[PDB]
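Spelled out, the chains give:
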Amino acid sequence: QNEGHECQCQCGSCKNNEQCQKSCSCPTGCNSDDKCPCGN
Ligand SMILES: [Cu+]
Ligand SMILES: [Cu+]
Ligand SMILES: [Cu+]
Ligand SMILES: [Cu+]
Ligand SMILES: [Cu+]
Ligand SMILES: [Cu+]
Ligand SMILES: [Cu+]
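### Concerning the UniProt feature "binding site: Cu cation 5" in the chain
UniProt's entry tags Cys11 and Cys30 with the feature "binding site: Cu cation 5", counted in the numbering of this structure. A maximum C-alpha distance of 8.1 Å places the annotated residues, which cover 20 residues in sequence, within one compact spot. Not counting residues within four places of it along the chain, the set of residues in contact with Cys11 comprises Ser32, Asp33 and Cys36. With relative accessibility at 8%, the residue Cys30 sits in the buried group. Sequence-distant contacts of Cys30, defined by excluding residues within four places in its chain, comprise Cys9, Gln10 and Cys36.

Right, here's the structure in full:
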């Protein structure tokens, strides 16, 4: 029941990858390029 959420990630691998902007693996603290552990 819980898998994707909302990758509003503006990182460098989130802005170019729109295939994970609806199911990324980051919490609600992924709004800055850091240790963003997104999909890949
Ligand atoms: Cu994300
Ligand atoms: Cu990201
Ligand atoms: Cu993403
Ligand atoms: Cu992010
Ligand atoms: Cu992330
Ligand atoms: Cu993510
Ligand atoms: Cu992300």
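### Let's talk about the coordination of the copper ion (ligand 7)
Every protein donor of the copper ion (ligand 7) is listed here as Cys9 (SG), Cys14 (SG) and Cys38 (SG), and their distances to the metal cover 2.3 to 2.5 Å. One chain supplies every donor to the copper ion (ligand 7), and in sequence these donors are spaced C-x4-C-x23-C. In this structure, the copper ion (ligand 7) lies 2.2 Å away from the copper ion (ligand 1), the two metals sharing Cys9 as a donor. The exposure classification of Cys9 matches that of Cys38, with both residues buried.

Cut-offs used in this document
- Residues numbered from 1 in each chain as written, not as in the entry; some residues may be left out.
- Chains lettered and ligands numbered in written order.
- Heavy atoms only, no water.
- UniProt positions renumbered as here; feature names shortened; annotations may be inferred.
- Contact = heavy atoms within 4.5 Å.
- Buried < 20%, exposed > 50% of the residue type's maximum accessible area, 1.4 Å probe, protein only.
- Donors = N, O, S within 2.8 Å, 3.2 Å for Na, K, Ca; no water.

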